[PDB]
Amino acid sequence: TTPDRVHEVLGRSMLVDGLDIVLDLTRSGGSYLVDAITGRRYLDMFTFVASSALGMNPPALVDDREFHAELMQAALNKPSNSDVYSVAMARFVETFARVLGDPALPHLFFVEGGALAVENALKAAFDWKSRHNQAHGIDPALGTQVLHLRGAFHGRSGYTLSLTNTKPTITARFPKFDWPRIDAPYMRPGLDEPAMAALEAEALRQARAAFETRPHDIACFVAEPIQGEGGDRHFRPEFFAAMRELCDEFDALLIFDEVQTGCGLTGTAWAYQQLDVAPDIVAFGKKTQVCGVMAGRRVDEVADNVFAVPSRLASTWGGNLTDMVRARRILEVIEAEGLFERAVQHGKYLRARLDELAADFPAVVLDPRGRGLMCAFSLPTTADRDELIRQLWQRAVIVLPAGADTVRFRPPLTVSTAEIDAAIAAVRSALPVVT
């Protein structure tokens, strides 16, 4: 089967609604994807839906003969890491703890898939609340609900379908729990400190009302620190700081879903580190390759929590060993080359360019925003946004939509300023055409 027959072969078995290209696995590199059909190079601001930290075929992985041997050893088989331990696994775990670890969150758990990472954070909270209730004379049947935000995306699995609320297509006709959902007080243009404070106060009021009308039954609050799929919606640290206090007042855990924000994209290991709010549990995935949770803080106050008791959380494989070996090497590169700091600096650059675009096209380029390399802007209508994406595709630049009117940038951590300039140049070319 040849590159030009790929879409035909897949089309016999599946819906083929992806990109028009066929990925050349060998010739792609860094910030560029190569179409195996034409040999055309595409500038990658999409990074497999923000799951690639270093881009395709990074030199530090490709040129490392010792790593090749390690990777090959892992890739030939697929052990059940939950039952059977290896040096390859232990090396990954120790470097994860070193590079991304938080001393307050020592409990680590790994699984395949971002939705399942979030689910296991939820399971930890449900167990914790039930047991905490029981220890304080409250019915252990209580503690089954999840406070969450409007516009949230946490995945497409059994529990996360009850949380995710972006496009109706994702959740329609699937059974859901009736869990309390509150307004998301995200930052928007033309709102000053007092205006933002009032918006936050209303979400806080709704949150308080949920806790008070469902006594002892809310196990946790879950949020993305920055809402990705919902449209790159940013929140003030003040909002999460207030939620942290409110969670503590009602003995509920605070969970950050860092599946999209995590592993350096915002300029720190985790976005929460810049918001100065301490979570009890963090769910991670995408860039980490293997998914999972880190837990601690109040979790430890219940001695028989799911991290202390065998067989409460599990899967067959306990994450993919190949992903663990790849991730170990990726984390070593991040640490050695100071890629978090590079993300801060290049992120400031990208943001500055988007500000310039907003000045040049004031009625078209709206609400330029970002933290680190996680940047976005919006257009007046969905039609304008969709057209800009088509125009960029024609110019060999890959970006992703979000929400009704957002264009998202998700470059690799290794993106150069010249590559950012190229992306911006394409947007500038395309804009007069869309207007």
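In case it trips you up, residue 1 is the first one in the sequence shown, and so on.
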Original post:
364-372 versus 41-49: which one carries the higher mean Cα B factor per the record?
Top reply: 364-372
**OP:** Determine, for stretches 63-71 and 405-413, which one has the higher mean CA B-factor as deposited.
**Re:** 63-71
Original post:
From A295, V146, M324, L354, can you pick the one with the highest C-alpha B factor in the entry?
Top reply: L354
Original post:
Per the PDB entry, which option out of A207, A97, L265, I281 has the greatest Cα B factor?
Top reply: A207
Original post:
When the modelled residues of the chain are sorted by Cα temperature factor, does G285 land in the lowest, middle or highest third?
Top reply: lowest
**OP:** Among all modelled residues of this chain, ranked by Cα B factor, put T26 in the bottom, middle or top third, i.e. lowest, middle or highest.
**Re:** middle
Subject >> Modelled-residue ranking by C-alpha temperature factor, third containing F340 >> reply: middle
**OP:** State the tercile, meaning the lowest, middle or highest third, of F221 with respect to the CA B-factors recorded for its chain.
**Re:** lowest
Subject >> Chain third (lowest, middle, highest) by recorded CA B-factor, residue given as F211 >> reply: highest
